[PDB]
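Pasting run10.csv here (CSV, C-alpha atoms):
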```csv
chain,number,residue,atom,x,y,z
A,61,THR,CA,8.0,-24.4,-43.1
A,62,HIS,CA,6.1,-26.6,-40.5
A,63,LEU,CA,8.4,-25.4,-37.7
A,64,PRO,CA,9.0,-21.8,-36.6
A,65,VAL,CA,12.2,-19.9,-37.3
A,66,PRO,CA,14.2,-19.6,-34.1
A,67,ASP,CA,14.8,-16.2,-32.5
A,68,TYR,CA,18.1,-17.1,-30.8
A,69,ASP,CA,18.0,-13.7,-29.0
A,70,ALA,CA,14.7,-14.1,-27.3
A,71,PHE,CA,14.4,-12.4,-23.8
A,72,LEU,CA,18.1,-11.2,-23.9
A,73,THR,CA,19.1,-7.8,-22.7
A,74,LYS,CA,21.2,-5.3,-24.5
A,75,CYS,CA,24.0,-6.4,-22.1
A,76,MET,CA,23.6,-10.1,-22.7
A,77,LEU,CA,23.7,-9.6,-26.5
A,78,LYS,CA,27.2,-8.1,-26.3
A,79,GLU,CA,28.2,-11.0,-24.1
A,80,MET,CA,26.8,-13.5,-26.6
A,81,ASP,CA,28.6,-11.7,-29.3
A,82,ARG,CA,31.9,-11.9,-27.4
A,83,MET,CA,31.7,-15.7,-27.1
A,84,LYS,CA,30.2,-15.9,-30.6
A,85,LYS,CA,33.4,-14.2,-31.9
A,86,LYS,CA,35.3,-16.6,-29.6
A,87,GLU,CA,37.0,-14.3,-27.1
A,88,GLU,CA,37.8,-15.3,-23.5
A,89,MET,CA,35.6,-14.1,-20.6
A,90,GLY,CA,36.8,-11.5,-18.2
A,91,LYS,CA,38.3,-12.7,-14.9
A,92,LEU,CA,38.5,-11.1,-11.4
A,93,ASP,CA,42.0,-10.2,-10.3
A,94,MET,CA,42.6,-12.1,-7.1
A,95,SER,CA,46.0,-10.6,-6.2
A,96,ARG,CA,44.3,-8.6,-3.4
A,97,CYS,CA,44.7,-11.6,-1.1
A,98,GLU,CA,48.5,-11.6,-1.5
A,99,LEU,CA,48.8,-7.8,-1.3
A,100,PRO,CA,52.4,-6.9,-2.3
A,101,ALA,CA,53.9,-4.0,-0.3
A,102,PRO,CA,54.7,-0.9,-2.3
A,103,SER,CA,58.2,0.0,-3.4
A,104,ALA,CA,60.2,3.1,-2.5
A,105,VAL,CA,59.2,5.0,-5.8
A,106,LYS,CA,55.4,4.6,-5.0
A,107,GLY,CA,55.5,5.3,-1.3
A,108,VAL,CA,55.3,9.1,-2.0
A,109,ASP,CA,51.7,8.6,-3.1
A,110,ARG,CA,49.8,8.7,0.2
A,111,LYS,CA,46.6,7.4,-1.5
A,112,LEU,CA,48.6,4.4,-2.8
A,113,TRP,CA,49.7,3.6,0.8
A,114,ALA,CA,46.1,3.9,2.2
A,115,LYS,CA,44.9,1.7,-0.5
A,116,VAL,CA,47.2,-1.0,0.8
A,117,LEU,CA,46.2,-0.7,4.5
A,118,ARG,CA,42.5,-0.5,3.6
A,119,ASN,CA,43.0,-3.7,1.6
B,1,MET,CA,14.7,13.0,5.9
B,2,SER,CA,12.0,14.4,3.7
B,3,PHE,CA,9.1,12.9,1.8
B,4,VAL,CA,6.5,13.7,-1.0
B,5,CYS,CA,2.9,14.0,0.1
B,6,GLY,CA,0.7,11.4,-1.7
B,7,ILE,CA,-2.3,13.7,-1.6
B,8,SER,CA,-0.7,16.5,-3.7
B,9,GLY,CA,3.0,15.8,-4.6
B,10,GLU,CA,4.3,18.5,-2.2
B,11,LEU,CA,7.0,18.1,0.3
B,12,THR,CA,6.0,16.5,3.7
B,13,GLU,CA,6.8,18.1,7.0
B,14,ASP,CA,4.7,16.0,9.4
B,15,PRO,CA,4.9,12.6,7.7
B,16,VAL,CA,2.3,9.8,8.4
B,17,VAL,CA,1.7,6.6,6.6
B,18,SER,CA,-1.6,5.2,5.2
B,19,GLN,CA,-1.6,1.7,6.6
B,20,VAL,CA,-3.8,0.4,3.8
B,21,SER,CA,-1.6,1.7,1.0
B,22,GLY,CA,1.9,2.7,2.4
B,23,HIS,CA,1.4,6.2,1.0
B,24,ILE,CA,3.0,9.0,2.9
B,25,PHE,CA,0.8,12.0,3.6
B,26,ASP,CA,1.3,15.3,5.5
B,27,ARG,CA,-0.8,15.3,8.7
B,28,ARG,CA,-2.3,18.7,7.8
B,29,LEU,CA,-3.9,17.2,4.7
B,30,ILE,CA,-4.9,13.6,5.6
B,31,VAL,CA,-6.5,14.6,8.9
B,32,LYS,CA,-9.0,16.9,7.2
B,33,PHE,CA,-9.5,14.2,4.5
B,34,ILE,CA,-10.3,11.7,7.4
B,35,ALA,CA,-12.8,14.3,8.7
B,36,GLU,CA,-14.5,15.0,5.4
B,37,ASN,CA,-14.3,11.7,3.5
B,38,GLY,CA,-12.5,9.0,5.6
B,39,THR,CA,-10.5,7.7,2.6
B,40,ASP,CA,-7.4,8.2,0.5
B,41,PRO,CA,-7.4,9.4,-3.1
B,42,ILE,CA,-5.5,6.6,-4.9
B,43,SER,CA,-6.4,3.4,-3.0
B,44,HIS,CA,-9.9,4.5,-1.9
B,45,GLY,CA,-9.6,2.6,1.3
B,46,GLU,CA,-11.1,3.1,4.7
B,47,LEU,CA,-8.8,4.9,7.2
B,48,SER,CA,-9.1,6.4,10.6
B,49,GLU,CA,-7.1,8.9,12.7
B,50,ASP,CA,-5.4,6.2,14.8
B,51,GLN,CA,-3.8,4.7,11.7
B,52,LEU,CA,-1.6,7.7,10.9
B,53,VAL,CA,1.6,6.2,12.1
B,54,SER,CA,4.2,9.0,12.0
B,55,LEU,CA,7.7,8.7,10.5
B,56,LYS,CA,10.5,9.7,12.8
B,57,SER,CA,13.7,9.0,10.7
B,67,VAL,CA,26.5,5.9,1.3
B,68,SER,CA,27.5,6.4,-2.4
B,69,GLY,CA,28.0,3.0,-4.0
B,70,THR,CA,25.3,0.7,-5.4
B,71,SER,CA,24.5,-1.5,-2.4
B,72,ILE,CA,25.1,-5.2,-2.5
B,73,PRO,CA,21.4,-6.2,-2.6
B,74,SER,CA,20.8,-4.0,-5.6
B,75,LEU,CA,23.8,-5.7,-7.4
B,76,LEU,CA,22.7,-9.2,-6.5
B,77,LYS,CA,19.3,-8.3,-7.9
B,78,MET,CA,20.9,-7.1,-11.1
B,79,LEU,CA,22.7,-10.4,-11.4
B,80,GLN,CA,19.5,-12.3,-10.6
B,81,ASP,CA,17.6,-10.3,-13.2
B,82,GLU,CA,20.3,-11.1,-15.8
B,83,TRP,CA,20.1,-14.8,-14.8
B,84,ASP,CA,16.4,-14.8,-15.4
B,85,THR,CA,16.8,-13.7,-19.0
B,86,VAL,CA,19.6,-16.3,-19.6
B,87,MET,CA,17.2,-18.9,-18.3
B,88,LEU,CA,14.2,-17.8,-20.2
B,89,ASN,CA,16.4,-17.7,-23.4
B,90,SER,CA,17.9,-21.1,-22.7
B,91,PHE,CA,14.5,-22.6,-22.1
B,92,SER,CA,13.2,-21.4,-25.5
B,93,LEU,CA,16.3,-22.8,-27.2
B,94,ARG,CA,15.8,-26.2,-25.4
B,95,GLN,CA,12.2,-26.0,-26.4
B,96,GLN,CA,13.1,-25.6,-30.0
B,97,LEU,CA,16.0,-28.1,-29.8
B,98,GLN,CA,13.9,-30.9,-28.4
B,99,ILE,CA,11.3,-30.5,-31.1
C,1,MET,CA,11.4,7.0,-4.5
C,2,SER,CA,14.6,6.8,-2.5
C,3,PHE,CA,14.2,5.2,0.9
C,4,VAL,CA,17.0,4.6,3.4
C,5,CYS,CA,17.0,1.6,5.7
C,6,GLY,CA,17.7,2.4,9.3
C,7,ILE,CA,19.8,-0.7,9.9
C,8,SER,CA,22.1,-0.6,6.9
C,9,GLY,CA,21.8,3.0,5.8
C,10,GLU,CA,21.6,1.8,2.2
C,11,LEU,CA,18.9,2.6,-0.3
C,12,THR,CA,16.4,-0.2,-0.1
C,13,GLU,CA,14.2,-1.9,-2.7
C,14,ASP,CA,11.6,-2.9,-0.1
C,15,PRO,CA,11.0,-0.1,2.4
C,16,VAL,CA,8.9,-1.1,5.5
C,17,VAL,CA,8.2,0.9,8.6
C,18,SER,CA,7.5,-0.3,12.1
C,19,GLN,CA,4.6,1.1,14.1
C,20,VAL,CA,6.6,0.9,17.4
C,21,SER,CA,9.0,3.6,16.3
C,22,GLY,CA,8.2,4.9,12.8
C,23,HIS,CA,11.7,4.2,11.3
C,24,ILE,CA,12.0,2.7,7.9
C,25,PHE,CA,13.7,-0.6,7.3
C,26,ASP,CA,14.5,-3.1,4.6
C,27,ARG,CA,12.0,-5.8,5.4
C,28,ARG,CA,14.6,-8.5,5.3
C,29,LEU,CA,16.9,-7.0,7.9
C,30,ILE,CA,14.2,-6.0,10.3
C,31,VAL,CA,12.6,-9.4,10.1
C,32,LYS,CA,16.0,-10.9,10.9
C,33,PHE,CA,16.5,-8.3,13.6
C,34,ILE,CA,13.1,-9.2,15.1
C,35,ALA,CA,13.8,-12.9,14.7
C,36,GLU,CA,17.1,-12.4,16.7
C,37,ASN,CA,16.5,-9.5,19.1
C,38,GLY,CA,12.7,-9.1,19.4
C,39,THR,CA,12.9,-5.4,20.0
C,40,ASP,CA,12.5,-2.4,17.7
C,41,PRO,CA,16.1,-1.6,16.7
C,42,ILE,CA,15.8,2.2,17.4
C,43,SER,CA,13.3,2.6,20.2
C,44,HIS,CA,14.1,-0.8,21.9
C,45,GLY,CA,10.4,-1.4,22.5
C,46,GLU,CA,8.8,-4.8,21.9
C,47,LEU,CA,8.1,-5.5,18.2
C,48,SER,CA,6.6,-8.3,16.1
C,49,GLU,CA,6.5,-9.0,12.4
C,50,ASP,CA,2.8,-8.2,12.1
C,51,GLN,CA,3.4,-4.6,13.3
C,52,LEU,CA,5.3,-3.8,10.1
C,53,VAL,CA,3.6,-1.5,7.5
C,54,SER,CA,4.8,-1.8,3.9
C,55,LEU,CA,5.5,1.6,2.2
C,56,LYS,CA,4.4,2.4,-1.3
C,57,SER,CA,6.8,1.8,-4.2
C,68,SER,CA,19.5,-2.0,-15.7
C,69,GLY,CA,22.6,-4.2,-16.2
C,70,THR,CA,25.8,-3.3,-18.0
C,71,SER,CA,28.2,-6.3,-17.9
C,72,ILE,CA,28.4,-9.4,-15.8
C,73,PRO,CA,32.3,-9.2,-15.5
C,74,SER,CA,31.6,-5.6,-14.5
C,75,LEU,CA,28.9,-6.4,-12.0
C,76,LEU,CA,31.1,-9.1,-10.5
C,77,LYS,CA,33.8,-6.5,-10.0
C,78,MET,CA,31.3,-4.1,-8.5
C,79,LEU,CA,30.4,-6.8,-6.0
C,80,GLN,CA,34.1,-7.4,-5.2
C,81,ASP,CA,34.9,-3.8,-4.6
C,82,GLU,CA,31.6,-3.2,-2.7
C,83,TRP,CA,32.2,-6.3,-0.5
C,84,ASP,CA,35.7,-5.1,0.4
C,85,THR,CA,34.1,-1.8,1.5
C,86,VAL,CA,31.5,-3.5,3.7
C,87,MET,CA,34.2,-5.6,5.4
C,88,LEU,CA,36.5,-2.6,5.7
C,89,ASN,CA,33.8,-0.8,7.6
C,90,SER,CA,33.1,-3.8,9.9
C,91,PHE,CA,36.8,-3.9,10.7
C,92,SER,CA,37.1,-0.2,11.4
C,93,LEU,CA,34.1,-0.5,13.7
C,94,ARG,CA,35.7,-3.3,15.7
C,95,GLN,CA,38.9,-1.3,15.8
C,96,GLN,CA,37.1,1.9,16.8
C,97,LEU,CA,35.1,0.1,19.4
C,98,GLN,CA,38.2,-1.2,21.2
C,99,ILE,CA,39.7,2.3,21.0
D,1,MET,CA,9.3,-29.7,0.9
D,2,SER,CA,11.4,-29.6,-2.3
D,3,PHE,CA,10.5,-28.3,-5.8
D,4,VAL,CA,12.3,-27.5,-9.0
D,5,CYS,CA,11.3,-25.0,-11.6
D,6,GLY,CA,10.3,-26.3,-15.1
D,7,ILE,CA,11.9,-23.3,-16.8
D,8,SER,CA,15.3,-23.1,-15.0
D,9,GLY,CA,15.7,-26.6,-13.5
D,10,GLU,CA,16.9,-25.0,-10.3
D,11,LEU,CA,15.4,-25.4,-6.9
D,12,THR,CA,12.8,-22.6,-6.1
D,13,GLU,CA,12.0,-20.7,-2.9
D,14,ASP,CA,8.6,-19.6,-4.4
D,15,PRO,CA,7.0,-22.6,-6.1
D,16,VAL,CA,3.9,-21.8,-8.2
D,17,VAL,CA,1.7,-23.8,-10.6
D,18,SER,CA,-0.3,-22.6,-13.6
D,19,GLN,CA,-4.0,-23.6,-13.7
D,20,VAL,CA,-3.5,-24.7,-17.3
D,21,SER,CA,-0.6,-27.1,-16.9
D,22,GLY,CA,0.7,-29.6,-14.4
D,23,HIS,CA,4.2,-28.0,-14.4
D,24,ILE,CA,5.5,-25.9,-11.5
D,25,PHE,CA,7.6,-22.7,-11.8
D,26,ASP,CA,9.6,-20.1,-9.9
D,27,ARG,CA,7.1,-17.3,-9.7
D,28,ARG,CA,9.3,-14.4,-11.0
D,29,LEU,CA,10.3,-16.5,-14.0
D,30,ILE,CA,6.9,-17.6,-15.1
D,31,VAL,CA,5.6,-14.0,-14.6
D,32,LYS,CA,8.4,-12.7,-16.8
D,33,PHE,CA,7.5,-15.4,-19.3
D,34,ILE,CA,3.8,-14.4,-19.2
D,35,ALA,CA,4.8,-10.8,-19.5
D,36,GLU,CA,6.3,-11.5,-22.9
D,37,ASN,CA,4.3,-14.4,-24.3
D,38,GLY,CA,0.9,-14.5,-22.4
D,39,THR,CA,1.0,-18.3,-22.6
D,40,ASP,CA,1.9,-21.4,-20.7
D,41,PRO,CA,5.6,-22.1,-21.5
D,42,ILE,CA,5.1,-25.9,-21.9
D,43,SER,CA,1.4,-26.5,-22.9
D,44,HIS,CA,1.2,-23.2,-24.9
D,45,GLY,CA,-2.2,-22.6,-23.4
D,46,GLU,CA,-3.2,-19.0,-22.9
D,47,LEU,CA,-2.2,-18.0,-19.4
D,48,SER,CA,-2.6,-14.9,-17.1
D,49,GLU,CA,-0.9,-14.0,-13.9
D,50,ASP,CA,-4.0,-14.6,-11.8
D,51,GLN,CA,-4.3,-18.2,-13.0
D,52,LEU,CA,-1.4,-19.2,-10.8
D,53,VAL,CA,-1.8,-21.3,-7.6
D,54,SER,CA,0.9,-20.8,-5.0
D,55,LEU,CA,2.3,-23.6,-2.8
D,56,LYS,CA,2.6,-22.1,0.7
D,57,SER,CA,4.5,-25.2,1.8
D,58,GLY,CA,8.2,-24.5,2.6
D,59,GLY,CA,10.6,-24.3,-0.3
D,60,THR,CA,13.7,-26.3,-1.0
D,61,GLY,CA,16.5,-26.2,1.6
D,62,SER,CA,19.7,-24.4,0.9
D,63,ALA,CA,22.5,-26.2,-0.9
D,64,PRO,CA,25.4,-26.9,1.6
D,65,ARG,CA,28.5,-24.8,1.2
D,66,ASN,CA,31.5,-26.2,-0.5
D,67,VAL,CA,34.6,-25.7,1.6
D,68,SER,CA,35.8,-23.3,-1.0
D,69,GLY,CA,32.4,-21.5,-0.5
D,70,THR,CA,33.3,-20.5,3.0
D,71,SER,CA,34.8,-17.1,2.1
D,72,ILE,CA,33.2,-14.2,0.3
D,73,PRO,CA,35.9,-13.7,-2.4
D,74,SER,CA,35.9,-17.4,-3.1
D,75,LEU,CA,32.1,-17.3,-3.5
D,76,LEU,CA,32.6,-14.5,-6.0
D,77,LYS,CA,35.3,-16.6,-7.7
D,78,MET,CA,32.9,-19.6,-7.6
D,79,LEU,CA,30.1,-17.4,-8.9
D,80,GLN,CA,32.4,-16.3,-11.8
D,81,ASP,CA,33.3,-19.8,-12.8
D,82,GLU,CA,29.7,-20.9,-12.4
D,83,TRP,CA,28.5,-18.0,-14.5
D,84,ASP,CA,30.9,-18.8,-17.4
D,85,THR,CA,29.7,-22.4,-17.5
D,86,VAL,CA,26.1,-21.2,-17.6
D,87,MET,CA,26.8,-18.9,-20.5
D,88,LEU,CA,28.8,-21.6,-22.4
D,89,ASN,CA,25.8,-23.9,-21.9
D,90,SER,CA,23.4,-21.2,-23.3
D,91,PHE,CA,25.8,-20.7,-26.2
D,92,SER,CA,26.1,-24.4,-26.8
D,93,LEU,CA,22.3,-24.7,-27.1
D,94,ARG,CA,22.0,-22.2,-29.9
D,95,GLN,CA,24.7,-24.0,-31.8
D,96,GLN,CA,23.0,-27.4,-31.2
D,97,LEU,CA,19.7,-25.9,-32.5
D,98,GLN,CA,21.3,-24.8,-35.7
D,99,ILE,CA,22.9,-28.2,-36.3
E,605,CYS,CA,42.6,11.0,15.3
E,606,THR,CA,42.3,7.3,14.6
E,607,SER,CA,44.0,7.9,11.3
E,608,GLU,CA,46.3,10.8,12.4
E,609,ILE,CA,47.9,8.9,15.3
E,610,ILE,CA,50.5,6.2,14.6
E,611,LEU,CA,53.4,5.0,16.7
E,612,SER,CA,57.0,5.9,15.6
E,613,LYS,CA,60.4,5.7,17.4
E,614,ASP,CA,58.6,3.5,20.0
E,615,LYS,CA,56.2,6.4,20.9
E,616,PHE,CA,52.8,7.6,19.8
E,617,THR,CA,53.0,10.7,17.7
E,618,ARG,CA,51.1,12.7,15.1
E,619,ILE,CA,51.9,11.4,11.6
E,620,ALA,CA,52.4,14.8,10.0
E,621,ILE,CA,55.1,15.9,12.3
E,622,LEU,CA,57.5,13.1,11.4
E,623,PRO,CA,60.3,13.2,8.8
E,624,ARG,CA,59.1,11.7,5.5
E,625,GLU,CA,61.4,8.7,5.7
E,626,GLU,CA,60.2,8.1,9.2
E,627,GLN,CA,56.6,8.2,8.0
E,628,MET,CA,57.5,5.6,5.4
E,629,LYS,CA,59.0,3.3,8.1
E,630,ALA,CA,56.0,3.9,10.3
E,631,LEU,CA,53.5,3.0,7.5
E,632,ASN,CA,55.6,0.0,6.5
E,633,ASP,CA,55.6,-1.3,10.1
E,634,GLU,CA,51.9,-0.5,10.4
E,635,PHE,CA,51.2,-2.4,7.2
E,636,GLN,CA,53.5,-5.3,8.3
E,637,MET,CA,51.4,-5.5,11.5
E,638,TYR,CA,48.2,-6.1,9.6
E,639,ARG,CA,49.9,-8.6,7.4
E,640,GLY,CA,50.9,-10.4,10.6
E,641,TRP,CA,47.3,-10.4,11.8
E,642,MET,CA,46.1,-11.8,8.4
E,643,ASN,CA,48.7,-14.6,8.5
E,644,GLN,CA,47.9,-15.5,12.0
E,645,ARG,CA,44.3,-16.0,10.9
E,646,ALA,CA,45.1,-17.7,7.6
E,647,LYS,CA,47.1,-20.4,9.2
E,648,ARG,CA,44.2,-21.1,11.6
E,649,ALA,CA,41.8,-21.2,8.7
E,650,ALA,CA,43.9,-23.5,6.7
E,651,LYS,CA,44.3,-25.9,9.7
E,652,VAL,CA,40.5,-26.2,10.0
E,653,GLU,CA,40.0,-26.4,6.2
E,654,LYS,CA,42.5,-29.2,5.8
E,655,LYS,CA,40.6,-31.2,8.4
```
Could you take the file, read its structure, and then write that structure out as structure tokens?
Amino acid sequence: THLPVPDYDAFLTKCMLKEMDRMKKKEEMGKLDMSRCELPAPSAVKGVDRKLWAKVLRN
Amino acid sequence: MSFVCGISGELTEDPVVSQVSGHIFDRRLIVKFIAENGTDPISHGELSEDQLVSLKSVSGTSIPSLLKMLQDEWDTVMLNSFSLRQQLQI
Amino acid sequence: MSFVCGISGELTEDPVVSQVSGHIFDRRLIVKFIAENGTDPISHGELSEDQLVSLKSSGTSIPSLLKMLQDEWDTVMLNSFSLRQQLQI
Amino acid sequence: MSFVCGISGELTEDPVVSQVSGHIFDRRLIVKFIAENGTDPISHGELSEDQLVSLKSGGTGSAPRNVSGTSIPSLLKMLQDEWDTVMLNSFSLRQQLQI
Amino acid sequence: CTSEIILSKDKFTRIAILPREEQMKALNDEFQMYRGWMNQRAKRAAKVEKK
């Protein structure tokens, strides 16, 4: 009673609350996919999609 | 481009900037204000005809706005972690 | 309000205008432009940092914001490459 | 010169000091603290944003790049791994305070 | 034009006039050229990095 009760969620945003609750429930963090540096070529069954070819060149 | 006149909230067709406030005014309003009062209605400064510098001038959220979003989130994580350290050391 | 920087073409959080041309800039770019080139970027007249007039004035997920940076950075670099490619053409 | 913020423990490019404490802060952090609590974060003296004295002396120099920090995607990768360790630290504190 | 014009059959052509399979070969080789340019840079970068 001589010490305050802690507000563990002081200053946190609505976003950061859900992020705390993820690690509080012990789930892994999200990771960036880094395969864009290796950039596999498309196959023959996906080369019909013109956008899916441009998305390779633009990468 | 187009701008909102700080005198009145109407669209601006001859934009000029109030140097003491950064407010954009239409020349047709601020010039007569300079004649009749020499000031501007929000900042209440002192302004003169020569200060009316005229203005002559993407889809994604730009990188500086996203880095500011991350910096803002960082500030809350620090301010929280400070409070928890403050409690924990006591 | 929305303000567009003359250098980047992006919406800017800190719009500033130069008296030597009347074009709006992000403060940080035009200061770096002045500190590198000395001129106004649009009118090519002599400019200096004291001639700049300041104009009047949410978060979702950090893994998401980091992916918005990744995709947005690839767009900025894609543009820079196409400019070098277009300039040689 | 070189300075570190009492709140974050990082270097600061905008060092400021409250008139009611000896401790120095990064301006945007202490202002956000004041905007919630109206008080000095360390002395708990009542504090207002005008009671802040600003060091116009040059802030701390930039941290040198790691060799892995020489590419934009690897900076974002490094930023991701940095961010995860910062959140685990913040999560470790609230556990330690409960214990 | 800078997107419409690609070389095929050792000549510059419109892209849309080619047979579909020739467009795929052209776009494959166009992509493989960029992958060459990347690898020529990446080897140079790794050389300096290793030092």
Residue hits in chain D, query chain B, radius 10 Å, all atoms listed in the file, as a ChimeraX atom specification: /D:6-9,28-30,32-33,41-42,83,86-87,89-99
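Near chain C, within 6 Å and counting only C-alpha atoms, the residues of chain B are residues 22, 23, 54, 55, 56 and 57 of chain B.
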Return as a PyMOL selection string the residues belonging to chain E that are within 12 Å of chain D, counting all atoms listed in the file. chain E and resi 646+649-650+652-655
Just-selected residues, C-alpha atoms written as a compact mmCIF listing (two decimals), in the frame of the given file:
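result14.txt written:
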```
# COMPACT_ATOMS: atom_id res chain seq x y z
CA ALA E 646 45.10 -17.70 7.60
CA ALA E 649 41.80 -21.20 8.70
CA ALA E 650 43.90 -23.50 6.70
CA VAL E 652 40.50 -26.20 10.00
CA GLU E 653 40.00 -26.40 6.20
CA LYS E 654 42.50 -29.20 5.80
CA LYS E 655 40.60 -31.20 8.40
```
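Here atom CA of residue 7 of chain C and atom CA of residue 29 of chain C stand 7.2 Å from one another.
Minimum atom-to-atom distance to chain A, evaluated using all atoms listed in the file, belongs to B:82 out of B:50, B:26, B:36, B:82.
In terms of minimum interatomic distance to residue 110 of chain A, E:620 ranks closest within E:641, E:620, E:647, E:636, counting all atoms listed in the file.
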What residues in chain D have any atom no more than 9 Å from chain C when counting only C-alpha atoms, and can you write them as a PyMOL selection string? chain D and resi 72-73+76+79-80+83
Which residues are close to residue 108 of chain A, i.e. within 10 Å by only C-alpha atoms, leaving aside same-chain residues fewer than 5 positions away? Reply as a list in words. residues 103 and 113 of chain A; 624, 625 and 628 of chain E
Taking all atoms listed in the file into account, find every residue of chain A that has an atom no more than 10 Å from chain E, and write it out as a PyMOL selection string. chain A and resi 97-99+101-102+104+107-108+110+113-114+116-119
Would you kindly report the residues of chain C within 10 Å of chain E, using all atoms listed in the file, as a ChimeraX atom specification? /C:92,95-96,99
Incomplete segment 17-36 of chain D filled out to N, CA and C atoms as a PDB file, keeping the file's coordinate frame:
```
ATOM      1  N   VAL D  17       2.253 -22.921  -9.569  1.00  0.00           N
ATOM      2  CA  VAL D  17       1.700 -23.800 -10.600  1.00  0.00           C
ATOM      3  C   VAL D  17       0.716 -23.020 -11.414  1.00  0.00           C
ATOM      4  N   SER D  18       0.738 -23.192 -12.730  1.00  0.00           N
ATOM      5  CA  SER D  18      -0.300 -22.600 -13.600  1.00  0.00           C
ATOM      6  C   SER D  18      -1.558 -23.512 -13.483  1.00  0.00           C
ATOM      7  N   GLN D  19      -2.720 -22.873 -13.626  1.00  0.00           N
ATOM      8  CA  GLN D  19      -4.000 -23.600 -13.700  1.00  0.00           C
ATOM      9  C   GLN D  19      -4.153 -24.376 -14.992  1.00  0.00           C
ATOM     10  N   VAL D  20      -3.334 -24.109 -16.012  1.00  0.00           N
ATOM     11  CA  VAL D  20      -3.500 -24.700 -17.300  1.00  0.00           C
ATOM     12  C   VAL D  20      -2.406 -25.676 -17.676  1.00  0.00           C
ATOM     13  N   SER D  21      -1.600 -26.068 -16.693  1.00  0.00           N
ATOM     14  CA  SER D  21      -0.600 -27.100 -16.900  1.00  0.00           C
ATOM     15  C   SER D  21      -0.320 -27.728 -15.537  1.00  0.00           C
ATOM     16  N   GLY D  22       0.236 -28.933 -15.577  1.00  0.00           N
ATOM     17  CA  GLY D  22       0.700 -29.600 -14.400  1.00  0.00           C
ATOM     18  C   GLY D  22       2.041 -29.084 -13.867  1.00  0.00           C
ATOM     19  N   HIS D  23       2.777 -28.345 -14.687  1.00  0.00           N
ATOM     20  CA  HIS D  23       4.200 -28.000 -14.400  1.00  0.00           C
ATOM     21  C   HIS D  23       4.232 -26.843 -13.421  1.00  0.00           C
ATOM     22  N   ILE D  24       5.300 -26.822 -12.626  1.00  0.00           N
ATOM     23  CA  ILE D  24       5.500 -25.900 -11.500  1.00  0.00           C
ATOM     24  C   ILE D  24       6.683 -24.984 -11.889  1.00  0.00           C
ATOM     25  N   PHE D  25       6.652 -23.742 -11.403  1.00  0.00           N
ATOM     26  CA  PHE D  25       7.600 -22.700 -11.800  1.00  0.00           C
ATOM     27  C   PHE D  25       8.025 -21.885 -10.591  1.00  0.00           C
ATOM     28  N   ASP D  26       9.188 -21.256 -10.717  1.00  0.00           N
ATOM     29  CA  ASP D  26       9.600 -20.100  -9.900  1.00  0.00           C
ATOM     30  C   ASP D  26       8.799 -18.905 -10.315  1.00  0.00           C
ATOM     31  N   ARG D  27       8.077 -18.286  -9.376  1.00  0.00           N
ATOM     32  CA  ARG D  27       7.100 -17.300  -9.700  1.00  0.00           C
ATOM     33  C   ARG D  27       7.625 -16.134 -10.562  1.00  0.00           C
ATOM     34  N   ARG D  28       8.778 -15.573 -10.201  1.00  0.00           N
ATOM     35  CA  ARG D  28       9.300 -14.400 -11.000  1.00  0.00           C
ATOM     36  C   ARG D  28       9.670 -14.818 -12.385  1.00  0.00           C
ATOM     37  N   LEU D  29      10.016 -16.083 -12.618  1.00  0.00           N
ATOM     38  CA  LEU D  29      10.300 -16.500 -14.000  1.00  0.00           C
ATOM     39  C   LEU D  29       9.104 -16.662 -14.832  1.00  0.00           C
ATOM     40  N   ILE D  30       8.100 -17.384 -14.338  1.00  0.00           N
ATOM     41  CA  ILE D  30       6.900 -17.600 -15.100  1.00  0.00           C
ATOM     42  C   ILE D  30       6.150 -16.272 -15.338  1.00  0.00           C
ATOM     43  N   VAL D  31       6.188 -15.370 -14.358  1.00  0.00           N
ATOM     44  CA  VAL D  31       5.600 -14.000 -14.600  1.00  0.00           C
ATOM     45  C   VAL D  31       6.312 -13.284 -15.656  1.00  0.00           C
ATOM     46  N   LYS D  32       7.643 -13.333 -15.675  1.00  0.00           N
ATOM     47  CA  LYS D  32       8.400 -12.700 -16.800  1.00  0.00           C
ATOM     48  C   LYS D  32       8.093 -13.385 -18.104  1.00  0.00           C
ATOM     49  N   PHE D  33       7.902 -14.702 -18.106  1.00  0.00           N
ATOM     50  CA  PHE D  33       7.500 -15.400 -19.300  1.00  0.00           C
ATOM     51  C   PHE D  33       6.147 -14.936 -19.805  1.00  0.00           C
ATOM     52  N   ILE D  34       5.182 -14.904 -18.886  1.00  0.00           N
ATOM     53  CA  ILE D  34       3.800 -14.400 -19.200  1.00  0.00           C
ATOM     54  C   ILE D  34       3.863 -12.995 -19.694  1.00  0.00           C
ATOM     55  N   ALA D  35       4.685 -12.155 -19.069  1.00  0.00           N
ATOM     56  CA  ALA D  35       4.800 -10.800 -19.500  1.00  0.00           C
ATOM     57  C   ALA D  35       5.248 -10.572 -20.900  1.00  0.00           C
ATOM     58  N   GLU D  36       6.004 -11.527 -21.442  1.00  0.00           N
ATOM     59  CA  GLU D  36       6.300 -11.500 -22.900  1.00  0.00           C
ATOM     60  C   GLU D  36       5.268 -12.226 -23.712  1.00  0.00           C
TER      61      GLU D  36
END
```
